[PDB]
Amino acid sequence: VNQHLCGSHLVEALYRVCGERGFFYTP
Amino acid sequence: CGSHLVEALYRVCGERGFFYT
Amino acid sequence: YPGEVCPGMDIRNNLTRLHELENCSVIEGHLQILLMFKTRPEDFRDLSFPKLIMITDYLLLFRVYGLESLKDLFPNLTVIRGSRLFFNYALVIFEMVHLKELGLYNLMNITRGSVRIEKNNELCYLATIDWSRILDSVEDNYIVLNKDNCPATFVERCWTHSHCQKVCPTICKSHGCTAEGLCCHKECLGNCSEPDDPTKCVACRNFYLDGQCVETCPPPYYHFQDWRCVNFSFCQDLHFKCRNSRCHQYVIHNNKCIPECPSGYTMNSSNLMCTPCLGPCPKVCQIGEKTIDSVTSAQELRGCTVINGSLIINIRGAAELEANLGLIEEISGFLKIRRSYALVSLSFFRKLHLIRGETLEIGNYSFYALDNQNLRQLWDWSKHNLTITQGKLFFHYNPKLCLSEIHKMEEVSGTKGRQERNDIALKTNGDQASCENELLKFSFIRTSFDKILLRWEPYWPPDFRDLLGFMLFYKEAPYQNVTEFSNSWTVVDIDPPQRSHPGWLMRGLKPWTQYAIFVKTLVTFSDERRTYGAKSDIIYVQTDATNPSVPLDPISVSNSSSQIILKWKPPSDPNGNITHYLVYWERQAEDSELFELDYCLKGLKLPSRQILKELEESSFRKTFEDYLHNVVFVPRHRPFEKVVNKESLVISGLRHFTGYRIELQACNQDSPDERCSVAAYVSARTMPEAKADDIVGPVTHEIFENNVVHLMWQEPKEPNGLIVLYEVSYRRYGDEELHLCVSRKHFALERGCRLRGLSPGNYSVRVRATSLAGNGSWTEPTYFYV
Amino acid sequence: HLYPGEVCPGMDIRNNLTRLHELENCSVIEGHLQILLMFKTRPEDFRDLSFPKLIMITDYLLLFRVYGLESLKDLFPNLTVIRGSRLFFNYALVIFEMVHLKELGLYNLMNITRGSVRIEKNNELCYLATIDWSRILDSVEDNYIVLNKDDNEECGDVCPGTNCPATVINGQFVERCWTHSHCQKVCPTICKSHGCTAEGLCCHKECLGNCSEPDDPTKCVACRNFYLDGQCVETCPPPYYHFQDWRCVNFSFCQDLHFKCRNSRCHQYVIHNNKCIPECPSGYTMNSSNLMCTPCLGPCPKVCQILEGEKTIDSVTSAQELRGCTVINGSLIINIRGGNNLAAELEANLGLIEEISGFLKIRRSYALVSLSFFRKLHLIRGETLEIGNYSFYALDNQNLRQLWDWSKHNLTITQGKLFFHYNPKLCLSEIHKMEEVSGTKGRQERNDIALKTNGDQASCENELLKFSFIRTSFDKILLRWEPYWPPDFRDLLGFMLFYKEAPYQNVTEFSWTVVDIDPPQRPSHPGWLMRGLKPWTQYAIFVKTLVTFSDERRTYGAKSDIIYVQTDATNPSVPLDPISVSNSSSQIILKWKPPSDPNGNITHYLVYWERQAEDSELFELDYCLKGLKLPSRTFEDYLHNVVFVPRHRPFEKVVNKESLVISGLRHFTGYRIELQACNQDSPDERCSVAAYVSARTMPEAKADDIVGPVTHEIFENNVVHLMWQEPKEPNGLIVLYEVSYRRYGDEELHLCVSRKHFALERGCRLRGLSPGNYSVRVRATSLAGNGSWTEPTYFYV
Amino acid sequence: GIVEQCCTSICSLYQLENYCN
Amino acid sequence: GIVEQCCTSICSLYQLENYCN
């Protein structure tokens, strides 16, 4: 599903995609 | 007004004419 | 008749315009003598127009300096027809100076009207003029503020010191008397060159033709202003004179050269006949250019249907603009609108159909729209009909006018390619007109007498945050012709739904009522004003009905001792189609306390009968919201009736003087368990019978051996309500009529009365029973010897 | 007190609590701690964790999307003040998208040095409004706290009042309570920032909020200016240098820091003015050996190049990275969607710049008032022209008064074109002055400047208008002003009359009724007489002149000032609430409210009165027959318009009183009273309308009672006539006399004597009386009621 | 017209001069 | 940024793990 995700919907979409690994950040 | 106003208007006119349709 | 026709005119500021009356014999119209300020008595003691005889309408004298005696000016004025009465007056005299005497002895009759003569500080002979002989309507005169050999009608009637008011014999009512006083021709009036001769008449009683006086105009000579006869050609020429001059475009109606065609009648291109045309078919009004600046700028435009010119409206300002306008259908020239501030839309042009635009605004723009702020809608091009003959379209600086509207005139007016680039400024127009209008569909509707529940599709822009919220536009729709537009349009905000349809319901609604509803949204436009909105088509809903209101003004009168007629009014709240009326009536019991009251004592009396500051906060939240995201992420029962079709009623078969209770209700339903209003209550008593209280029945007396008489009589068992008591008058031979009261208890226990110790002799018996209606009848004399 | 622990720089925590151990010995953080990505997190995951060591944060604090947490006191209960050196989008503290979080528990925090706090979308938090920010924050206006538990519910609070301090929020006291367990500590007003100890003994001038020993820098919990060896110091003594505004460092430290970046990837610091500065401003270069940057012998500006030459400025943190900049190698766009002013920090971070390689653009910014904060901007080359070959761009700017004080500010633009659109409060005068000052008059084509949008609500007529004639009257007021004429007469289209009622003198410029006036012919004073003005009422008036767009020309029109005019006085309204109540047989109390419309200040009240009289029919009606119930008490217009076508009752003055009582009033008699209010008495008195009212005093108890003795006369036919005088002084009058005469040992007879019976018959006569003793009592029934019965008249016939 | 401009309201000399030729 | 990537444009599932560990 490709959609203009932004806001909390964007965030929940991200956690759907990842969360088994953690979201990247600079060390 | 009325009685007076007619002369009030006349004094300021008389030679130039009083405009009419 | 030697002279000129002398159209009505006025003279001002000097004697110069007076010379134009030298060759005048009959005035066709009205003359006005006024503003003779730079004038002297000498300049006019040597001027006269003896040729002048007739004046049609009236004369006006006001503020004339110099004139001393008017006999000199008009030595031969005879009749003022009074065809046009100035301020319902055939003659006006006001503010007269230098003038001493009337002098117009040559006026004998006036057809119609009256004369007002006011402010005459130095007028003479005020009581020596016979008004009744001259004026047919004398009571309308207003002669106030004045200095006040021959027959007396007793004061002699004189105009001047030398010649008096000529008194023709009463036989010459309108013939006119000659020098020796002989009735002239009937067409002659006042005076005549030869008695009884239309050819020698000085005046024409009803019409004039060829030096002769006639009552009527024979063809081809038509009636000319009720005073002379003219054929068609000359009347044509003056009509055509108005064609190529400034005017009185003449027409012949009823073979009369009246300046105006009468109502419902219209000009013919061929002939001057005011042909029928239902309601005056057209109403073109000439100008060719006139701007419209306010309400009064359209004063003469009332009733205009065609404009043979162009309009440049600039209203620097409600429905008052519609009533003035909208009567027009075709406009020969162009239409230009500019910066009319308070112009939300051009709805009020109802009749606009066609535009010639042959006269073109500079740039050959048949249309010119500029600086139009609030202009939101032109017309409902889905239904309205409009077309342009030729010309181009100018539409600039209209920030609140959707381009879709612009896309509609060329497809409606047939001007698809007439324009060119930049004829419509793509950027100056509709900058604040958000007309993306994503169709919005209601999902569910529930209705009631008061509470109607709505529900509509939840709609979403690509960013859900963009939605500010919903608001429901609603207002009662008596008709079906309703468009949005300073406007009422009751509307209520709705917060966007959390993320089922949003939905909403209303209160305070009036049962059996149509409502018109549409919905729009609020979204903060992007950085490029890409609002991308959503709109709902207007919908109409009609709420159901309920219990109606009470019928109004329930009024009943006892038109007879048995007839009770009711009147009322339809209910204030039908609340649905009222099926019929509910009526309930009942015989009412009267008071029983009167049945114990003993009225023989004292007590004989008988009771007879703004926004954007919110949008900042919305944008503020998302902006902060967005910023962190970039930061954080790393991409490595009773007798009743049914009154139907009636607001009155009659009930008959009722006993006289009988109290009643009347119940009236309204029901908007008949068969299936009527919804009825609550009752209207009025009390009714018929008139009493005229023979019900009369004592009917033989009177029996019993004289006792100790001089006691016992009274037995039959009361009228059906009285007027009831009988309060019996009045008795007994008189003996040589005595007077004594009076006796028999109470109800007195007639109950004594079955009449018990009179004891009566003087010897022969008495009389007269008993009258007093019902509620009043006294009945005295009994017949029962003479008895004791 | 000293800070036992490490500097503990500012870091970030994500996806698990594994990183938490880094807080083992952090007495204070030297940076910002960012907390988020707490998904698989539970309330139970937290209760065993706490870092009481932490005290103060230099930069800011970040909380976002953390699950299970319910309160922070259970973690960091010794958190005291936020320096806010590094702001996070003009905010020093954000708590966003919290679930399970209920109260904060940060009762150990007193003030914040700098920044604001925003709380939103945290739908479970309580104890929010229960805290006074003014103590907590040196400024409260910039806080943003919405869309949470408290504002969508009414969750209970437990103020620990059973005592906690309460302060006025708007007009009422509220216990400033942190939790049920804690409440907002309030030191005395003397300890503005240093705070006090628990009992109020106020701390040292080096303290901030908390201190163990009052008046002791060595016992300051929070170092207000700097930290040095457990002794807060206003300044760093030599050789120790000021470091990050909070601590003092020796030369060895600063040099070591510089070395570390030297041999690494950066912020290699220098020394300047007793501070271990990262990078010193323009004009300096750090030497070979020592780490100070001396004023160079040349123009070496502190050049701030731009990543891709494109940058937006939207909040404080967007700009604080530009501090000390003078040269920008890029273009700039400004977009702050606030609602609150930010010029204070704006001038601090900005303005020090002079030249921009690229362009400058203003867009969507709302609370900005003027561009004065650009202190030193003089030349912009604008190499990278804004799209469309532009160097300046202004768009959707809602509060811009001016751009720069062109009296003193000097500006130069090289290339490009300007852009001004939808700027409702910035008028063309400024644009013209700038473009002539800029030197780019002949560079802007059509549509580069929108005429209608820009400064429509602004008003820069810059020309005053004078009233050639002034006059007031009853309700109409005539004014005439001078005919104002631009050299191009055509620009003028009329004059707009703005008037409005003016209750006071505090009247704003620019309700507010408007009137249009036609342009005069070209004496010619346009002027106006206005109508329908309520009497005795102040009004404010001024006019505006309408001109055309005036783009090639500069005809900016003119205006007139606010004039406070009141209308005159007149006859007042009717006096209100006139009542008529009697308190005595000669005293009646009279009350009246003042008129609704005095129409000029009321001088006094006018009242009149008089007494009525009884009906004559009352003297000739039988008072014993049934029905005895007595009450208890233009041609000139047409002619001239056609002719000429253009080319004593007792009273007294009631002054400043609304209550009257009158004496000497006849007992039980009606009176007719009229009343007026007067707003003009001495100079040909002007009063209100007559206020009719009527009152009758209550009846007296004696007048109805019969006076004088009663006499009997007996005739030979055993007929008795009784003699008695009527009470000629009754309460109004007497209608009838009730005569009650009996016999000794027998029954009683009652007789009717009406007024006519008494006067005509000299009383009453009794016929048919057998001999015997009689008891005759007479009662004269008045308008009031029953009189006193007379004594029995004993006699024999 | 002129009557209400002059006595119902006040008319100055400019009205007087406008009400003639 | 990233907000431009999904809210303005349309994000493809490949683009997302670039922000994931």
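Going by the PDB entry, chain D carries the name Insulin receptor and comes from Mus musculus.

The PDB entry annotates chain C as Insulin receptor of Mus musculus.

Inspection of the entire model under this criterion finds 64 aromatic pairs over all chains. Pairing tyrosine 3 of chain D with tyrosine 227 of chain D gives two aromatic rings, centres 5.6 Å apart and planes at 0°, and the pair type is stacked. Exposure class is identical for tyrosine 3 of chain D and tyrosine 227 of chain D. Each is buried. When the ring of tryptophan 512 of chain D is compared with that of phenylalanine 542 of chain D, the centres are 5.3 Å apart and the planes differ by 80°; the resulting orientation is edge-to-face. Judged by relative accessible area, which is 5%, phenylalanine 542 of chain D ranks as buried. The structure contains a cluster of three or more aromatic residues connected by ring pairs, namely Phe624 and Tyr627 of chain C together with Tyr60, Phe64, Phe88, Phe89, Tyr91 and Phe96 of chain D. The ring of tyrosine 422 of chain D carries the charged tip of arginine 529 of chain C above its face, separated from the ring centre by 4.5 Å. The ring of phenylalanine 542 of chain D carries the charged tip of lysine 559 of chain D above its face, separated from the ring centre by 5.7 Å.

Further remarks concern the side chain of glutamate 206 of chain D. Within the secondary structure layout, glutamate 206 of chain D lies in the loop between β11 (173–175) and β12 (241–243). Once you skip the residues sitting within four places of it in the chain, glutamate 206 of chain D turns out to touch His194, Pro217, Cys220, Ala222, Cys223, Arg224, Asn225, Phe226, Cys232, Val233 and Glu234 of chain D.

All names here are of chain D. In this model helix α2 (residues 251–262) runs 16 Å from its N-terminal to its C-terminal C-alpha over 12 residues, within 8% of the 16 Å that 1.5 Å per residue would give. Where α2 is concerned, the buried positions are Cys254, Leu257, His258 and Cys261. Viewed along the axis of α2, the buried residues span an arc of 95°, placing them on a single side of the element. Of the surrounding secondary structure, the elements contacted by the buried residues of α2 are β12 and β14 (284–286).

Attention shifts here to the pattern of salt bridges. A side chain with one charge can pair with a side chain of the opposite charge if their charged atoms come near. Enumeration according to the criterion identifies 62 salt bridges over all chains in this entry. Its salt-bridge partner being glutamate 358 of chain C, residue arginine 356 of chain C comes within 3.6 Å of it at the nearest N-O pair. A salt bridge links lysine 433 of chain D to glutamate 430 of chain D; the shortest N-O distance between them is 4.0 Å. Placement of the pair is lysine 433 of chain D and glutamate 430 of chain D together in helix α5 (residues 428–438), with a separation of 3 residues, close to one helical turn.

All names here are of chain C. For the UniProt disulfide pairing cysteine 204 with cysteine 213, the two sulfur atoms lie 2.0 Å apart, close enough for the bond to be present in this model. Relative accessible area serves as the criterion here: at 17%, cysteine 204 is assigned to the buried category. The class for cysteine 213 is buried, based on a relative accessible area of 3%. The sulfur-sulfur separation between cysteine 667 and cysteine 676, a disulfide according to UniProt, is 2.0 Å, below the 2.5 Å limit, so the bridge is formed here. For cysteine 667, a relative accessible area of 0% translates into the label buried.

Every contact between the two is made by 8 residues of chain B and, on the other side, 7 residues of chain D. Across the chain B to chain D interface the summed buried area is about 630 Å²; carbon plus sulfur atoms make up 76%. At the boundary of chain B with chain D, the tally comes to 0 salt bridges. Taken together, the connections running from chain B to chain D amount to 0 residue pairs in polar contact.

To continue, consider the interface of chain D and chain C. Listed by partner, the interface residues are 33 residues for chain D and 37 residues for chain C. Counting the surface lost from both chain D and chain C, the interface buries some 3,500 Å², and carbon and sulfur atoms represent 66% of this. At the boundary of chain D with chain C, the tally comes to 9 residue pairs in polar contact. For the side of chain D that touches chain C, the secondary-structure elements that each account for two or more residues are β6 (93–98), β8 (117–122), β9 (144–148) and α6 (635–643) of chain D. Per-class residue counts for the side of chain D that touches chain C are 20 nonpolar, 3 polar and 10 charged.

This next bit is on the sheet that holds strand β23 (residues 365–370) of chain C. Residues and elements named next belong to chain C. The strand order across the open sheet built from 5 strands is β17-β19-β21-β23-β25, with neighbouring strands paired in parallel fashion. Both edges of this open sheet fall to β17 (289–292) and β25 (392–396), since each of them pairs with a single strand only. Averaged over all adjacent pairs, the angle separating strand axes in this sheet is 10°, with direction ignored.

As a further point, take the arrangement of the chains. Here 11 pairs of chains are in contact, and chains C and D lead that list by number of contacts. The two units chain A and chain B are non-contacting; their minimal C-alpha-C-alpha distance is 75 Å. As for chain F relative to chain E, no contact occurs, and the smallest C-alpha gap between them is 67 Å.

Residues and elements named next belong to chain C. The two faces of strand β36 (residues 564–569) differ: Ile564, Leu566 and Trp568 on one face are buried, but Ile565, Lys567 and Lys569 on the other face are not. Of the strand pairs in this sheet, strand β35 (residues 552–557) and β36 are connected by 4 bridges, and their pairing is antiparallel. Note that in β36 the partner of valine 557 across the bridge is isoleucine 565. Counting the residues between successive antiparallel strands, the hairpin from β35 to β36 contains 6 residues. Taken together, the 4 bridges between β36 and strand β39 (residues 648–651) define a ladder with antiparallel strand orientation. Bridge pairing in β39 places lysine 567 opposite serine 648.

A full pass over the atoms with the stated rule returns 38 disulfides over all chains. Across the disulfide from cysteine 600 of chain C sits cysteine 741 of chain C; the S-S distance is 2.0 Å. An S-S torsion of about -95° defines the bridge between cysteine 600 of chain C and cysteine 741 of chain C as left-handed. Classification of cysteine 600 of chain C by relative accessible area gives partly exposed; the value is 30%. The side chain of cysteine 667 of chain C participates in a disulfide bridge whose partner is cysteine 676 of chain C; the two sulfur atoms lie 2.0 Å from each other. Sign of the S-S torsion, about 100° for the bond between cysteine 667 of chain C and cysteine 676 of chain C, identifies this disulfide as right-handed. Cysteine 753 of chain C takes part in no disulfide bond, and the closest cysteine sulfur to it belongs to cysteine 600 of chain C, at a distance of 8.8 Å. The structure places no disulfide on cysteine 300 of chain D, whose sulfur is separated from the nearest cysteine sulfur, that of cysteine 296 of chain D, by 3.6 Å.

Turning to unusual backbone geometry, a few remarks are in order. The peptide bond linking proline 219 of chain C to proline 220 of chain C adopts the cis configuration, its omega dihedral lying at 5°. Structurally, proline 220 of chain C is set in the loop between β11 (212–214) and β12 (222–224). A cis amide bond links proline 238 of chain D to the next residue, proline 239 of chain D, at an omega of 0°. With respect to the helices and strands, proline 239 of chain D occurs in the loop between β11 and β12.

Moving on, we come to a nonpolar patch on the surface. On the surface, a nonpolar cluster with roughly 230 Å² of combined accessible area is contributed by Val557, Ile565 and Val650 of chain C. Turning to its location among the elements, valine 557 of chain C is positioned in strand β35.

Turning next to the sheet that holds strand β41 (residues 734–742) of chain D. Residue and element names in this part refer to chain D. Ordered by their spatial adjacency, 3 strands build an open sheet running β42-β41-β44, and the pairing between neighbours is antiparallel. Among the strands making up the open sheet, the edge pair consists of β42 (748–754) and β44 (776–782). Pairs of neighbouring strands in the sheet enclose a mean axial angle of 20°, with direction left out of account.

Let us now look at helix α6 (residues 612–632) of chain C. Between the first and last C-alpha of α6 of chain C there are 30 Å, a value that for 21 residues agrees with the 30 Å anticipated at 1.5 Å per step. Taken as a whole, α6 of chain C has its buried residues at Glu616, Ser618, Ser619, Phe620, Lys622, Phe624, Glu625, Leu628, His629 and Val632 of chain C. Its buried side turned inward, α6 of chain C meets α1 (8–17) of chain A, β29 (467–476) of chain C, β6, β8 and β9 of chain D together with α1 (3–8) of chain F.

Attention now moves to the UniProt feature "disulfide bond" in chain D. Residue and element names in this part refer to chain D. Annotation check: the disulfide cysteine 203-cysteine 211 recorded in UniProt is satisfied, the sulfur-sulfur distance being 2.0 Å, below 2.5 Å. Each of the two residues, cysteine 203 as well as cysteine 211, counts as buried. The sulfur-sulfur separation between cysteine 280 and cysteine 293, a disulfide according to UniProt, is 2.0 Å, below the 2.5 Å limit, so the bridge is formed here. On the criterion of sequence distance, the pair formed by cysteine 280 in the loop between α2 and β14 and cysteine 293 in strand β15 (residues 293–295) is long-range, its members being 13 residues apart. Overall, the relative accessible area of 3% leaves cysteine 293 in the buried class.

Criteria and thresholds
Residues numbered from 1 in each chain as written, not as in the entry; some residues may be left out. Chains lettered and ligands numbered in written order. Heavy atoms only, no water. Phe/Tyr/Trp six-rings, centres within 6.5 Å; stacked < 30°, edge-to-face > 60°. Buried < 20%, exposed > 50% of the residue type's maximum accessible area, 1.4 Å probe, protein only. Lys NZ or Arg CZ within 6 Å of the ring centre and 35° of its normal. Helix = DSSP H or I, 4+ residues; strand = E, 2+ residues; numbered from the N terminus. Contact = heavy atoms within 4.5 Å. Expected span 1.5 Å × (residues − 1). Arc of directions from axis to C-beta. Salt bridge = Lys/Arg side-chain N within 4 Å of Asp/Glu carboxyl O. Disulfide = S-S within 2.5 Å. UniProt positions renumbered as here; feature names shortened; annotations may be inferred. Buried area = accessible area lost by both parts, 1.4 Å probe. Polar contact = N/O pair within 3.5 Å; in protein donor to acceptor, adjacent residues only side chain to side chain. Nonpolar A, V, L, I, M, F, W, Y, C, P; charged D, E, K, R; others polar. Pairing = 2+ DSSP bridges. Axes fitted to C-alpha atoms, helices over the stretch in contact; angles between N-to-C directions. Patch = residues over 30% accessible without salt bridge, like charges linked within 9 Å, V, L, I, M, F, W, Y side chains within 5 Å. Areas by Shrake-Rupley, 256 points an atom, 1.4 Å probe, with all protein chains shown as cover.

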